[PDB]
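Asker:
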Amino acid sequence: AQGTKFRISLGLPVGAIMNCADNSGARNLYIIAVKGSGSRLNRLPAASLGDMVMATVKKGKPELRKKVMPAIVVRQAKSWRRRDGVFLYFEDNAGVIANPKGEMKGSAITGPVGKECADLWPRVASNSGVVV
Amino acid sequence: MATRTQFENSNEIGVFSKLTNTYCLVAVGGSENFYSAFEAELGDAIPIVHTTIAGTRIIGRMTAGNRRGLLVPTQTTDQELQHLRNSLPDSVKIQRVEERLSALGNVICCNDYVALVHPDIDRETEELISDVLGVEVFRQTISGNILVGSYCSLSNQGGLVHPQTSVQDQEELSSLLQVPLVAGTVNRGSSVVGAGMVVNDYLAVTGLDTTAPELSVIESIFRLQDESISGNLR
Amino acid sequence: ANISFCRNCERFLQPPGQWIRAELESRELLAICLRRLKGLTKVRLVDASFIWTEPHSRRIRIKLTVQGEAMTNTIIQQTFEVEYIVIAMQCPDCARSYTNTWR
Amino acid sequence: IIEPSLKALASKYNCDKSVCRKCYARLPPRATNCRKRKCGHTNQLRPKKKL
Amino acid sequence: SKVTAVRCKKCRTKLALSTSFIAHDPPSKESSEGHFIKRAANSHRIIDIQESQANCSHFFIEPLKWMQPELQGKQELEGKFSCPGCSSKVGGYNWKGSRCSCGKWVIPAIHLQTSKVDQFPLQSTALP
Amino acid sequence: XXXXXXXXXXXXXXXXXXXXXXXXXXXXXXXXXXXXXXXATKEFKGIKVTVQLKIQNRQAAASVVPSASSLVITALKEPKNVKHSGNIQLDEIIXXXXXXXXXXXXXXXXXXXXXXXXXXXXXXXXXXXXXXXXXXXXXXXXXXXXX
RNA sequence: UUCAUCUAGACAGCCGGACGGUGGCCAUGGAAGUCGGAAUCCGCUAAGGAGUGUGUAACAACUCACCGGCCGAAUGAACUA
Numbered sequence: 006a007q008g009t010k011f012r013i014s015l016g017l018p019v020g021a022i023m024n025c026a027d028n029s030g031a032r033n034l035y036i037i038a039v040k041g042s043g044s045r046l047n048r049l050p051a052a053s054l055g056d057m058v059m060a061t062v063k064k065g066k067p068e069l070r071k072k073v074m075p076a077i078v079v080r081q082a083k084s085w086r087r088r089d090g091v092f093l094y095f096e097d098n099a100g101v102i103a104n105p106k107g108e109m110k111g112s113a114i115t116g117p118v119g120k121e122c123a124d125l126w127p128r129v130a131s132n133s134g135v136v137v
Numbered sequence: 001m002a003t004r005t006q007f008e009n010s011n012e013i014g015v016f017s018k019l020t021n022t023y024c025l026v027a028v029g030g031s032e033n034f035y036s037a038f039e040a041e042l043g044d045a046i047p048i049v050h051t052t053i054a055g056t057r058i059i060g061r062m063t064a065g066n067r068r069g070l071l072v073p074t075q076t077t078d079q080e081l082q083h084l085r086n087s088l089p090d091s092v093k094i095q096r097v098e099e100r101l102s103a104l105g106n107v108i109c110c111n112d113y114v115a116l117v118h119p120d121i122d123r124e125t126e127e128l129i130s131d132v133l134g135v136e137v138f139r140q141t142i143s144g145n146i147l148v149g150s151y152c153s154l155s156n157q158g159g160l161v162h163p164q165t166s167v168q169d170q171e172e173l174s175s176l177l178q179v180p181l182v183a184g185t186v187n188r189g190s191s192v193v194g195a196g197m198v199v200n201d202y203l204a205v206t207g208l209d210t211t212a213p214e215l216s217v218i219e220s221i222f223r224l225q226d230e231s232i233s234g235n236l237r
Numbered sequence: 053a054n055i056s057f058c059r060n061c062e063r064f065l066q067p068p069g070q071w072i073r074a075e076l077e078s079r080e081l082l083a084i085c086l087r088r089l090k091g092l093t094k095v096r097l098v099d100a101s102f103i104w105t106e107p108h109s110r111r112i113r114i115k116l117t118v119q120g121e122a123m124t125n126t127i128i129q130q131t132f133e134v135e136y137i138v139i140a141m142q143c144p145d146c147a148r149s150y152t153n154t155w156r
Numbered sequence: 077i078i079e080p081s082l083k084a085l086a087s088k089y090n091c092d093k094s095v096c097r098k099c100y101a102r103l104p105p106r107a108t109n110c111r112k113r114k115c116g117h118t119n120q121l122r123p124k125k126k127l
Numbered sequence: 225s226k227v228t229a230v231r232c233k234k235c236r237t238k239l240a241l242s243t244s245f246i247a248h249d250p251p252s253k254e255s256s257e258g259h260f261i262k263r264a265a266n267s268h269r270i271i272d273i274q275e276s277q278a279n280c281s282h283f284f285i286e287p288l289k290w291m292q293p294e295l296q297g298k299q300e301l302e303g304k305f306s307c308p309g310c311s312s313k314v315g316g317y318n319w320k321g322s323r324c325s326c327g328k329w330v331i332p333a334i335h336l337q338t339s340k341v342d343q344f345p346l347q348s349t350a351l352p
Numbered sequence: 010x011x012x013x014x015x016x017x018x019x020x021x022x023x024x025x026x027x028x029x030x031x032x033x034x035x036x037x038x039x040x041x042x043x044x045x046x047x048x049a050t051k052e053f054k055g056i057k058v059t060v061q062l063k064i065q066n067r068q069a070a071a072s073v074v075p076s077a078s079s080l081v082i083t084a085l086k087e088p096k097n098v099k100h101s102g103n104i105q106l107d108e109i110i111x112x113x114x115x116x117x118x119x120x121x122x123x124x125x126x127x128x129x130x131x132x133x134x135x136x137x138x139x140x141x142x143x144x145x146x147x148x149x150x151x152x153x154x155x156x157x158x159x160x161x162x163x
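Protein chains in written order, with the authors' numbering: chain i, 6 to 137; chain X, 1 to 226, 230 to 237; chain V, 53 to 150, 152 to 156; chain z, 77 to 127; chain Y, 225 to 352; chain L, 10 to 88, 96 to 163.
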């Protein structure tokens, strides 16, 4: 489901609590896995801007809580290197929740969206207000 | 008429293409099958342009345009701006726009005559849209959503809107847009109707998983529908 | 599904090795849903209250409402019933299948 | 579409063989013993199943 | 009722009208024809039983005018054809059978698969 | 031009499903093909097998039924198996039935062709009680009168 | 080791023929010797089954039963270590 993306710096390991950018009632997401992650002894699998993570809701609507459901990172605080040269980074981490196809459950996104997420996922760019 | 096709394996066409009355825009990473949809049906009337915007392939959601003009965001480079000013005709004007709201496609829903913009867009853009596109600008939201370009496909004839939309507010917009409006779903139950499909006067292209009752609703409000080769020879 | 049963001593076999002697038609509603292949993936096991079967017939019928939907908009409920086949066997406490381990 | 004069021409190379039961080898249909050594030249042969 | 048309998806070409459609509506539902039988190599031996589907997923039409150069040129017993503007596999022709997905038999068959084609009314819009 | 002697089997009223595939490369028809078959099976029973051949060129109809097989012995009768087991009074009309049958049977006239249509009739009662095997072994009827 | 075949022509192979009522009849989308049920008839023949197997959607084609010559001293089966 996930296409080709150039490697960017991994800023979100397992156990991170990122914000929730959409309007599906959830307040923050708790990352428990990264889809397509590697395998190394004692290594925590880490996420990045645009990866697809399995995540639970720790705060928000009680209907959304206590179930594991996939999510997509839209902002990142660790600085990454774009190919055209610049090192950039947002202010906080953020994610939106999705079905395992990649379609989005929320209606809109507040805050800016990273550009390598809008190219990779077609639904996130449809609901994005500001692209970087 | 009502042709269906898809970019690489995605149903949404409005993200990856921008179809107007006098030109067309497509992203560069396409197969031979996706390009042959527009080339076979538009012919040589309007110029098809392969382009990218801001280093992206989402040019249907970054740009905003109609018959008379095109608006591109700030991160569009000078190499991509000089390419568009050649391939498009001399009638259309291309203008770079300085925004905090970068994605102009989700923000602006426009045609030849009447445009709806996001309510938190600023006044220096409202002066810019009305003088470049030559369109009256109306600040208004689709009943529950601020992204008016993603959830409301619009043409000169009619306009398809978000499915969860009250009838009492459709009559508001039809009073404002002066075109008849129908709510519906495209791509087998996706509420994002502006990003699923594109439209102009003589063509409307949507995704491959658009079902047959959904395709009836599209061509009806847009009024693009209308035989001797078929017959019995026994 | 299949549920094991002590014909003499009235016990129930759990999947690994257990022999939980439960009261008949009171809390066997609660001991079955561990043995069932289906996990917590089904929506919200919102309710479960089994319906009557004949006491001579060796089967148990149950009803339940999973109620949690994710069909892209809403959470629409759904009601269904499944059946269980009772199988009797020995349970070596109740079988006496005797000689080293005397301790 | 296959023109069964040519289907009989191809089935001699594909279907009309025999299979050893022990080593699963592909053998000629008139054979009596398997030609390999890792099954010990065994003679328990079966015909190959037709479609 | 009114006449209808069968337009090709991704071609937008009218392949077949009504005044066609030999619809053969009832399946048999009995054990010899309503079920799909897979025998064995020998001795009339049933290995599989498959139940037929709900609705007949084809359109059995008369041989039409646009089909004629594929049926005159290299005339064979079975094959397939396409839309005349996209070269996509729409339906096959067969002078044997291929009952329906739902199962009867037909006649020598000109089947038009209802996957990747759709049916629209020939009259005006419904105006909902 | 071109001649083509095909074939046709079974049917009582109309059928030709098997043949229908034979007219694929040939002249395509469904209406006149069952109509030309209807001109063949006119006043023929639909229970019985009707074996025929049709010769055609540019939709040409042919209806011939040589009947040198069991088609004759099923014709002169009254209509997990519909039993054809009858006590037929054939022996007088079987002298007339073998007359139409022995067009070439390639035997020395009727006396060696009175046993072909006899054992071809593999069901009927014939004349009297039985008319099969030893009940029609020695033929002392008509015979040389037909020669 | 024990059987059995063969110069009175084997085994192995090659060369010919295998016809005519006839796509026999019910049975079925279709079954012509060969998906199956039950009958086993008759013509001609040197000899030839309402067919021994391979096959085709159904035929065809081919093989086998059976009849002829062509070839020239070996061959088949079980078993023991």
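Beta carbons are placed, not taken as given, at the ideal position from N, Cα and C, and that holds for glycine.
For chain z, check one thing: does any of its Cβ atoms lie closer than 7 Å to the Cβ of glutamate 302 of chain Y?
Answerer: Judged by the 7 Å Cβ criterion, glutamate 302 of chain Y is in contact with chain z.
Asker: Mind pulling the chain X residues with CB within less than 7 Å of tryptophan 290 of chain Y?
Answerer: Those are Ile232, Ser233, listed as they occur along chain X.
Asker: Mind checking whether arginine 85 of chain X and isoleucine 94 of chain X have CB atoms under 7 Å apart?
Answerer: Taking 7 Å as the Cβ cut-off, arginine 85 of chain X and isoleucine 94 of chain X qualify as a contacting pair.
Asker: Under 7 Å, do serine 87 of chain X and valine 49 of chain X count as touching if we go by C-beta distance?
Answerer: Yes, the Cβ-Cβ distance between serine 87 of chain X and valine 49 of chain X is below 7 Å.
Asker: So with CB distances below 7 Å, who are the chain Y contacts of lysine 125 of chain z?
Answerer: Simply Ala265.
Asker: Can you give me the Cβ contacts of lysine 328 of chain Y inside the same chain, cut-off strictly under 7 Å, excluding the 5 residues immediately before and after it?
Answerer: These residues qualify, in order along the chain: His248, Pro251, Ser252, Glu257.
Asker: Cα separation between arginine 156 of chain V and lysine 98 of chain z?
Answerer: C-alpha separation (whole angstroms): 50 Å.
Asker: Compare the C-beta of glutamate 294 of chain Y with all C-beta atoms of chain X and state if any pair is closer than 7 Å.
Answerer: Cβ-Cβ to chain X under 7 Å: no for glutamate 294 of chain Y.
Asker: Would you please verify whether the beta carbon of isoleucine 78 of chain z is less than 7 Å from any beta carbon of chain Y?
Answerer: No, because no Cβ of chain Y sits closer than 7 Å to the Cβ of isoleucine 78 of chain z.
Asker: Taking the alpha carbon of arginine 48 of chain i as the reference point, which residue from i/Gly55, i/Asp56, i/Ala38 has its own alpha carbon closest?
Answerer: Looking at the Cα atoms, i/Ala38 is the closest of the given residues.
Asker: Starting from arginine 87 of chain V, follow the alpha helix (DSSP H) in both directions and report where the run begins and ends.
Answerer: Its alpha helix (DSSP H) spans residues 80-87.
Asker: Taking C-beta to C-beta, are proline 345 of chain Y and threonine 228 of chain Y nearer than 7 Å?
Answerer: Against a cut-off of 7 Å, the Cβ pair of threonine 228 of chain Y and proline 345 of chain Y comes out as a contact.
Asker: Quick check on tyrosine 113 of chain X: does DSSP put it in helix, strand or coil?
Answerer: Three-state result, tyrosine 113 of chain X: coil.
Asker: Suppose you measure from the CA of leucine 19 of chain X to the CA of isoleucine 221 of chain X; what does that come to, to the nearest Å?
Answerer: Each residue's alpha carbon lies about 18 Å from the other.
Asker: On a Cα-Cα basis, can you pick out the residue from X/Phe7, X/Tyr23, X/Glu214 that is closest to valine 92 of chain X?
Answerer: For the residues X/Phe7, X/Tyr23, X/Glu214, the minimum Cα distance to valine 92 of chain X belongs to X/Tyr23.
Asker: Output the distance between the C-alpha atoms of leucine 97 of chain V and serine 78 of chain V, rounded to the nearest integer angstrom.
Answerer: Each residue's alpha carbon lies about 18 Å from the other.
Asker: Verify the CB distance criterion: does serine 166 of chain X have a CB-CB separation below 7 Å to chain Y?
Answerer: Output row for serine 166 of chain X: interface = no.
Asker: Could you check whether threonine 56 of chain X and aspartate 124 of chain i sit closer than 7 Å to each other, using their CB atoms as the reference points?
Answerer: Yes.
Asker: Ends of the beta strand (DSSP E) at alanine 99 of chain i?
Answerer: Taken as a continuous stretch (DSSP letters only), the beta strand (DSSP E) holding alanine 99 of chain i covers 99-102.
Asker: Can you tell me whether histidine 268 of chain Y is buried or exposed, with buried defined as 16 or more other CB within 10 angstroms of its CB?
Answerer: Classification of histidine 268 of chain Y: exposed, given that the 10 Å Cβ count is below 16.
Asker: In chain i, which residues lie less than 8 Å from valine 192 of chain X when you measure between Cβ atoms?
Answerer: By Cβ distance, chain i contributes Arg128, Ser131, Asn132.
Asker: Taking only beta-carbon positions, decide if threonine 3 of chain X is within less than 7 Å of chain Y.
Answerer: Taking Cβ atoms only, chain Y reaches closer than 7 Å to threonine 3 of chain X, which makes this a yes.
Asker: Taking its Cβ as the centre, do 16 or more other Cβ atoms sit within 10 Å of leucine 76 of chain V, making it buried, or is it exposed?
Answerer: Classification of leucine 76 of chain V: exposed, given that the 10 Å Cβ count is below 16.
Asker: Should the segment 80-91 of chain z be regarded as contacting the segment 79-93 of chain V, the criterion being three or more beta carbon pairs within less than 8 Å?
Answerer: No contact exists between the segment 80-91 of chain z and the segment 79-93 of chain V.
Asker: Identify the continuous beta strand (DSSP E) that holds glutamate 62 of chain V and give its terminal residues.
Answerer: It is not in any beta strand (DSSP E) - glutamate 62 of chain V carries neither H nor E in the DSSP assignment.
Asker: Under three-state DSSP, which class holds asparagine 54 of chain V?
Answerer: Correct three-state label for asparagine 54 of chain V: strand.
Asker: Count the other C-beta atoms from every protein chain shown that fall within 10 angstroms of the C-beta of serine 17 of chain X, then say buried if there are 16 or more, exposed otherwise.
Answerer: Buried.
Asker: To which residues of the same chain is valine 73 of chain i closer than 6 Å at the C-beta, ignoring the five residues directly before and after it?
Answerer: Only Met59, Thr61 meet the Cβ criterion.
Asker: I want to see whether chain Y comes within less than 7 Å of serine 155 of chain X, judged by CB atoms only; does it?
Answerer: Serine 155 of chain X does not count as touching chain Y.
Asker: Cα separation between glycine 41 of chain i and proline 50 of chain i?
Answerer: Looking at the two C-alpha atoms, the distance is approximately 9 Å.
Asker: Three Cβ pairs or more, each shorter than 8 Å: is that satisfied between the segment 152-159 of chain X and the segment 103-112 of chain X?
Answerer: Yes: at least three Cβ pairs fall under 8 Å.
Asker: In chain order, what residues of the same chain have a beta carbon less than 7 Å from the beta carbon of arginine 128 of chain i, not counting five sequence neighbours either side?
Answerer: Closer than 7 Å at the Cβ level, and outside the excluded window around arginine 128 of chain i, lie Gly107, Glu108, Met109.
Asker: Within 10 angstroms of its Cβ, does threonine 124 of chain V collect 16 or more other Cβ (buried), or is it exposed?
Answerer: Flag for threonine 124 of chain V reads exposed.
Asker: What does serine 29 of chain i touch in chain X if you count any residue whose Cβ is under 9 Å from its own?
Answerer: Simply none; closest approach about 13 Å.
Asker: Cα separation between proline 213 of chain X and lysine 51 of chain L?
Answerer: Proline 213 of chain X and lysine 51 of chain L: Cα-Cα distance of roughly 51 Å.
Asker: How close, in whole Å, do the beta carbons of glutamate 12 of chain X and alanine 195 of chain X come, if the pair is a contact with beta carbons under 8 Å?
Answerer: So it is a contact: roughly 5 Å between Cβ atoms.
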